[PDB]
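Understanding the architecture of this molecule
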Amino acid sequence: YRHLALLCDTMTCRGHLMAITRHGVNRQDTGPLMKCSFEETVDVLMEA
Amino acid sequence: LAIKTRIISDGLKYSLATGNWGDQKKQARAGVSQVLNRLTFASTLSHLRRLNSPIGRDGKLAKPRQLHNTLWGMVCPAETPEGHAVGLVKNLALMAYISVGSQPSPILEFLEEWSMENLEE
Amino acid sequence: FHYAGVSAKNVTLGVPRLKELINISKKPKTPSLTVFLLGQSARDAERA
RNA sequence: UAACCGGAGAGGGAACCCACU
DNA sequence: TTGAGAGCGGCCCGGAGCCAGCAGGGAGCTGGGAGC
DNA sequence: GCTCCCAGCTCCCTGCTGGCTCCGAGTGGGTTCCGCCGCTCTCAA
């Protein structure tokens, strides 16, 4: 339950739902090279 | 000088050797011809009687790579590759033979010498 | 999931269920709802 | 009337297919 | 002198935002005529 | 008979439906592959 509740609260901690997609993780400003290390690289670096 | 042995023979050789189904560039379907696995007589026979379904590998489409009912005596059921493509590659069964194809004009002559009338009259 | 004789609301738990829980889809494959009543309405099969 | 010299880095790559986990 | 050759030179599906097109409220604009 | 509440109008604006990018677990091993056409001079018959 520690890990499960930690996953769910890290999902919901931004005041709204966070589906594990580029379509969310690009919207959170959690590091341009985190975004680059995600599946899209050139667009997120190029926007940063 | 009009005919080109290069443009016929070299193109055929390149296409057959590569296995890409184009002329020089085409994309094109690969894997049409492979290298025979000269390791065992059974291996050679399997690679010779191997059958390929060109349905999309590395996909979640279960049905075309599922095992169908229409395989009694056409393909042995318990012979599949194990890796990323399970079920798209088959090996030919014993009694199974492929129709060579024939012209239907003598058959139509048989119909018309017999009594089966065409649709226009 | 080995299914059942009844429909059982098509629970379809497993890999795709955990998939859509990881990335919440606006149209899940089986959006199911469990409904509880108050009292004698649920106690009676006819009122149910 | 002349005296001990020493030396080893590499060369493509890109695609397809097969096999194994 | 002319003809061809050697070599240089150039020419199978998934989701999901997402914009664009269209459709219904909405106040301004000026007529309609009620009122003075 | 001209303002002004109102009716029709008229733009005005937020609100619904389509083309479209982007993703799709780990090594070995073998095979194929990377111009063509043009063009002018040299030696041969």
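Presented here is an overview of the structure given in this document.

The rules we used
Per the conventions used, each chain is numbered from 1 along its written sequence, independently of whether this matches the entry, and residues without coordinates are not displayed. Chain letters start at A and ligand numbers start at 1, both assigned in the order the entries are written. This view covers only part of a larger assembly, and the values given relate to that part. Side-chain measures were taken over the full set of non-hydrogen atoms in the model, leaving aside hydrogen atoms and water. Residues with missing side-chain atoms are left out of burial classes, side-chain pairs and their counts. Nearness is judged by heavy atoms alone; a residue qualifies as near a molecule or strand once a single heavy atom is within 4 Å of it. Residues adjacent in sequence count toward polar contacts only when both atoms are side-chain atoms; beyond that, a polar contact is any pair of N or O atoms within 3.5 Å, and within protein one must be able to donate a hydrogen and the other to accept it. Under the scheme applied, nonpolar residues are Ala, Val, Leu, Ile, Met, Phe, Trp, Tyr, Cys and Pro; charged residues are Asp, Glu, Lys and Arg; polar residues are all the others, including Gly. Salt bridge, as applied in this entry: a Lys or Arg side-chain nitrogen positioned within 4 Å of an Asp or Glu carboxyl oxygen. The way it works is that DSSP assigns letters per residue, a run of H or I at least four long becomes a helix, a run of E at least two long becomes a strand, and they are numbered from the N terminus. Between buried and exposed lies partly exposed: a residue is buried under 20% and exposed over 50% of the maximum accessible area for its type, with that area taken using a 1.4 Å probe on protein chains only.

**Some thoughts on the protein's contact with DNA strand F**
- Residues in close proximity to DNA strand F include A:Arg22, A:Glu39, A:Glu40, A:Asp43 and B:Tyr14, which together make up its full environment.
- For DNA strand F, the backbone portion of the atoms within 4 Å of the protein, that is sugar and phosphate, comes to 80%.
- A distance of 2.4 Å is found between a base oxygen of DNA strand F and a side-chain nitrogen or oxygen belonging to A:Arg22.
- Here a phosphate oxygen of DNA strand F sits 2.9 Å away from a polar atom, N or O, in the side chain of A:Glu40.

**Here we look at the protein's contact with DNA strand E**
- Residues in close proximity to DNA strand E include A:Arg22, A:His23, B:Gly56, C:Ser25 and C:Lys26, which together make up its full environment.
- Atoms of DNA strand E within 4 Å of the protein belong to the sugar or the phosphate in 87% of instances, the rest to bases.
- One of the side-chain N or O atoms of A:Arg22 is found 3.1 Å from a base nitrogen in DNA strand E.
- Taking C:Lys26, its side chain carries an N or O atom lying 2.4 Å from a phosphate oxygen of DNA strand E.
- Its residues placed into classes, the surface near DNA strand E shows no nonpolar, three polar and two charged.

**Observations concerning the pattern of salt bridges**
Residues and elements named next belong to chain C.
- Scanning the model with the defined rule gives three salt bridges over all chains in all.
- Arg17 is the salt-bridge partner of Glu20, the closest N and O atoms lying 2.5 Å from each other. Residue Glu20 and its partner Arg17 are located together in helix α1 (residues 15-22), separated by three residues, close to a single helical turn.
- For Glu20, a relative accessible area of 8% puts it in the buried group.
- On the basis of relative accessible area, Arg17 is assigned to the partly exposed category, the value being 28%.
- The salt bridge involving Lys29 is made with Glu20; its shortest N-O contact spans 3.1 Å.
- Since its relative accessible area comes to 40%, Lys29 is described here as partly exposed.

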